[PDB]
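Step one of this worksheet: look at the structure below.
As structure tokens, this is what we get:
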């Protein structure tokens with residue numbers, strides 16, 4: 034295991050299992066299936082693949098070119114997500130929509146999406162966004178807004194850096210004999226505030242029960258003692274002075290007008306020092322509060 | 034019996050016999066039978082199986098996929114219950130309802146319930162909940178409210194943890210030659226407040242008789258003496274000090290302004306100490322009351 | 055050997071107390087909290103969180119300083135452990 | 057109102073006897089109690105009788121199903137014996 | 057409100073015993089705790105029990121899924137034992 | 057507002073250790089830091105950590121792409137360790 | 055004297071740079087700044103801001119560390135100031 | 112009135128008795144076309160149920176009808192038949208001989 038570290042070795046091992054994300058994915062898959070039935074007048078089946086928590090560069094490197102990349106806003110979460118519409122899926126959708134029964138072999142040679150193809154992508158994307166919002170509403174209500182569309186992964190740059198860890202969710206859609214894929218790409222920073230909710234789903238009766246749980250939590254943790262350490266003074270010395278140091282040595286010190294009270298190093302308050310009852314006491318002037 | 038304990042060994046041995054739950058089950062079974070006769074225009078017979086007090090994960094692992102899982106509210110009890118409608122039962126109900134005489138073999142391959150099938154499930158569920166409320170009203174009146182329906186046991190997660198102990202009640206319904214099953218799944222936490230009532234049913238003349246029993250109980254237990262121990266002071270020492278401790282040693286102690294009076298350790302009141310009649314006495318300032 | 059200089063950070067602690075979150079959040083302006091250290095008891099001296107000495111506040115020509123009453127010993131480390 | 061635990065006890069029966077047979081007691085000595093076989097055993101709270109109930113065995117454990125709560129008349133009837 | 061770290065701990069169970077067996081202890085000596093196998097382990101905050109939760113193993117690591125927060129009645133019920 | 061230059065530095069990680077291994081150090085002695093491989097390195101201004109960013113190599117030169125600016129909570133979380 | 059159980063702080067600096075307020079403010083999200091040290095140079099092992107050792111970077115079971123190649127000499131200490 | 116293929120897609124997941132009930136109500140050509148699209152097993156089951164139809168309850172039929180109305184509430188289907196055969200051929204009739212012979216060769220191959 035003794036190997037020289039080198040840059041660009043993004044050995045980012047962040048392993049989790051977002052059961053709530055999985056359930057949202059399944060609900061959105063059902064909603065998208067019914068929406069696709071409504072639009073295409075044909076019944077698809079959507080298979081939700083494994084969730085890939087992978088670096089953004091690795092995710093993008095596997096994306097076929099050209100492809101549809103739709104930027105979306107996950108309000109109120111800071112940042113943007115992506116919807117990946119594959120050329121095969123868009124081809125099949127347009128073929129079904131515009132008179133083709135889809136029996137013809139799919140010929141994807143690689144080309145940009147025309148304005149008509151763009152509008153078809155817009156419609157399917159609107160349906161997908163509505164279904165995804167509906168799926169998420171069961172856990173956390175949010176507003177999803179279309180931003181714009183792109184053809185190349187370099188156009189998007191969804192993360193600050195390509196090595197940033199991102200979540201991808203694939204869906205394989207089958208209609209008759211025609212297969213396609215579409216993906217949902219959300220940066221891990223999007224869900225980091227809600228990581229606790231996404232890991233475990235095991236709550237269903239929680240609207241005021243969450244408030245009751247939190248109130249119980251605070252009122253029960255309010256009976257836990259702490260470790261107040263008040264650093265009276267601070268002298269900088271050298272190790273030679275430490276080694277030669279002998280009892281009875283007096284160490285000069287700047288006069289501490291304010292004593293900082295901290296726990297485990299963590300500043301708690303600012304106070305003045307004094308003596309009462311024969312013991313050292315602190316009269317608090319200001320608690321440490323940003 | 035000397036074996037190393039390992040996690041996920043949910044050897045949860047909580048054995049009881051809820052006779053009142055059994056009687057409610059039988060009454061609900063009769064009500065559901067008459068309701069099924071009213072709806073299907075055919076006479077079913079419902080057999081109430083043994084009550085399985087089993088872990089939630091074990092209960093779910095035996096549930097066929099897909100199946101109808103109906104979340105219900107057992108007001109005013111905190112939490113939610115479940116009604117399990119089997120695919121065979123729903124198939125038979127729809128077949129009888131929509132022209133099929135049921136003579137055809139039941140072909141359950143595994144598929145989701147359509148909107149019409151959802152409506153049929155909704156009707157049978159409404160009848161079931163009404164019958165169950167009627168059955169329960171004899172012992173304790175409850176309000177049952179439909180929440181939603183699911184196809185997968187992962188969609189529900191009725192308990193906080195899969196190892197949570199839950200109550201399941203199966204019912205085998207036969208109509209002619211067609212057999213089906215449906216289950217009632219209530220978490221043991223639902224009935225824990227009413228465990229005393231559910232264990233034994235042996236009371237029928239109890240509306241004000243319960244109040245009379247309780248009044249007699251309190252007025253008769255008010256004649257029982259207790260063991261008031263007032264811890265005057267609290268000194269922390271070490272075992273070396275205890276071993277070397279000799280008579281005449283004086284132990285420093287912080288001054289107790291308030292004396293806690295407790296019984297079997299259980300704090301009863303806060304008081305001041307003094308002397309009257311030549312005996313130690315306590316003047317009570319506040320009883321221990323949350 | 056080469057470690058003769060090694061800039062070190064020496065701190066002295068005024069006192070410690072056992073107190074919980076309720077009163078902690080209920081501290082207000084001008085409120086006084088006492089510490090387990092008796093007045094006149096030499097204060098502790100810490101380096102990176104460990105015992106290094108016990109020193110007492112002494113008036114040195116209008117300049118308060120700390121005079122080392124004693125150096126730590128392993129026995130006392132274990133006793134205060 | 058209060059959350060105090062109490063030592064509940066169940067008494068099989070009574071026995072009024074002089075210490076003749078007490079000193080004559082040995083392993084195997086027959087003793088007869090005041091209560092005949094069949095009547096409810098007595099439920100006492102901190103040694104204070106409040107109830108009467110029948111004895112049952114559940115999961116090979118002794119238990120008592122309380123049949124009734126006592127009245128002052130029956131209470132003192134028991135006492136004056 | 058405050059951003060203080062705390063040492064949360066999980067306790068498997070209790071044991072009330074005199075030091076007979078304590079001095080008789082050796083490698084291999086069997087000890088029995090107050091808690092039976094199956095009940096939630098106790099979540100303590102700075103040694104203050106606040107919760108009960110079930111033990112799980114994740115990624116070959118011990119973890120506890122908090123099942124419920126305790127109540128004063130159950131708290132003192134545990135204490136008075 | 058001001059046009060002052062500052063010595064900005066990048067720190068790979070931290071290490072809390074007693075001088076046992078320090079005096080035992082030699083060419084080839086293995087040392088382990090607090091930070092695991094992968095997390096952003098720390099951007100310090102005159103020794104004041106203000107940012108975190110990922111390490112890159114450009115034109116065979118070390119560089120850091122600043123990923124985020126730190127918050128007081130994460131700052132003191134790092135400090136109290 | 056062997057008052058030597060004291061713990062000390064060890065840091066590793068990937069590189070340093072001198073740069074002004076305007077460039078600081080102009081740095082934005084994802085901005086990358088090149089370091090003065092050429093890639094592959096041994097990093098600086100500091101103790102409380104004091105340098106004694108130089109060494110290259112290495113990863114030891116996903117854990118950061120440095121392979122030290124020069125530790126003790128003050129002969130170039132006049133240069134790095 | 113709508114396309115039999117989309118109808119088969121819609122009704123394939125429905126209950127076989129529901130399929131029989133729906134197929135009863137439609138024009139016979141539409142029902143036959145839809146049945147031509149289902150696989151052998153489901154088609155046989157639905158045909159046997161059609162033969163052995165016993166009678167749907169009125170409330171059940173009303174619920175089925177309102178469900179279908181909600182599902183088909185989408186504004187208009189009217190798949191425009193304009194164009195196809197007898198268009199392609201007369202188009203090819205206008206081509207250069209080489210172009211149209213390559214066209215018909217490709218069509219014969221396909």
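Residue numbers (UniProt numbering), protein chains in the order written: chain A, 34 to 323; chain B, 34 to 323; chain C, 55 to 135; chain D, 57 to 137; chain E, 57 to 137; chain F, 57 to 137; chain G, 55 to 135; chain H, 112 to 221.
Using N, Cα and C, we set each Cβ at its ideal position, and we do this for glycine too.
In the DSSP assignment, residue 107 of chain G is bridged to G/99, G/125.
Residue nearest to residue 144 of chain H within the set H/160, H/112, H/165, H/128 is H/112 (criterion: CA-CA distance). Taking residue 153 of chain H as the centre and dropping the five residues before and after it, the same chain places the C-beta of 123, 127, 130 closer than 8 Å to its C-beta, in chain order. The beta carbon of residue 148 of chain H is closer than 7 Å to those of 115, 116, 119 in its chain, skipping five residues each way along the sequence.
The beta-carbon of residue 112 of chain H is placed no less than 8 Å from the nearest beta-carbon of chain B.
Residue pairing by DSSP places residue 264 of chain B opposite B/293 in a beta bridge. Bridge pairing for residue 308 of chain A: A/313 [DSSP].
In this chain, the beta strand (DSSP E) harbouring residue 73 of chain G covers 61-74. Distance check between residue 134 of chain G and each of G/60, G/113, G/106 places G/106 closest, using alpha-carbon atoms only. For residue 68 of chain D, same chain residues with a beta-carbon under 6 Å away, outside a window of 5 residues either side, are 97 in chain order. Taking a C-beta distance under 8 Å as the contact criterion, residue 94 of chain F and residue 44 of chain A qualify as a contact pair. Closest option to residue 73 of chain G, judged by alpha-carbon separation, among G/115, G/62, G/89, G/59: G/89.
Sequence-ordered contacts of the stretch 64-75 of chain G with chain F read 64, 65, 66, 67, 68, 69, 70, 71, 72, 73, 74, 75 [C-beta pairs closer than 9 Å].
Short of 8 Å from the beta carbon of residue 145 of chain B, and not among the five residues preceding or following it, lie these beta carbons of its own chain, in chain order: 99, 184. Per DSSP, reduced to three states, the secondary structure at residue 183 of chain A is strand. For residue 150 of chain A, no Cβ of chain B is located within less than 8 Å of the residue's own Cβ.
The shortest CA-to-CA distance from residue 139 of chain A to any of A/301, A/247, A/213, A/62 is the one to A/213. At a C-beta separation below 7 Å, residue 276 of chain A has these neighbours in chain G: 55, 57. Shown here for residue 126 of chain F: same chain residues with a beta carbon closer than 7 Å to its own, the five before and five after excluded, namely 105, 106, 107, 108 in chain order. Between the alpha carbons of residue 40 of chain A and residue 111 of chain G lies a gap of roughly 10 Å.
Contact of residue 48 of chain A with chain C is not assigned, every C-beta pair being separated by 8 Å or more. Positions of the beta strand (DSSP E) runs, each at least 3 residues long and wholly inside the stretch 50-82 of chain B, are given as 78-81 in order along the chain.
For residue 264 of chain A, the nearest beta carbon of chain C is closer than 8 Å to its own beta carbon. For residue 244 of chain B, no beta strand (DSSP E) segment is defined; the enclosing uninterrupted segment is the alpha helix (DSSP H) at 242-254. Counting the other CB atoms within 10 Å of its CB gives residue 266 of chain B a total below 16, which places it among the exposed residues. Less than 8 Å separates the beta-carbon of residue 121 of chain F from that of residue 86 of chain G. The secondary-structure analysis by DSSP pairs residue 103 of chain A across a beta bridge with A/116, A/182. Look at the stretch 187-212 of chain B: the residues with a C-beta under 7 Å from a C-beta of chain E are 193, 194, 196.
Proximity of chain E to residue 256 of chain A at the Cβ level (cut-off 7 Å) is accounted for by 104, in chain order. The three-state reading of DSSP puts residue 86 of chain A in strand, counting E and B together.
The beta-carbon separation of residue 154 of chain B and residue 121 of chain B, rounded to 13 Å, does not stay under the 8 Å limit for a contact. Counting only the Cα atoms, residue 116 of chain E lies some 15 Å from residue 38 of chain B. Against residue 136 of chain A, chain H offers no close residue; the least beta-carbon distance is about 11 Å (beta-carbon pairs closer than 7 Å).
Assigned with DSSP and collapsed to three states, residue 288 of chain A falls in coil, not helix or strand. For residue 167 of chain H, the neighbours in chain B by C-beta distance under 7 Å run, in chain order, 131, 132. By the CB criterion at 8 Å, residue 53 of chain B and residue 233 of chain B fall inside the cutoff.
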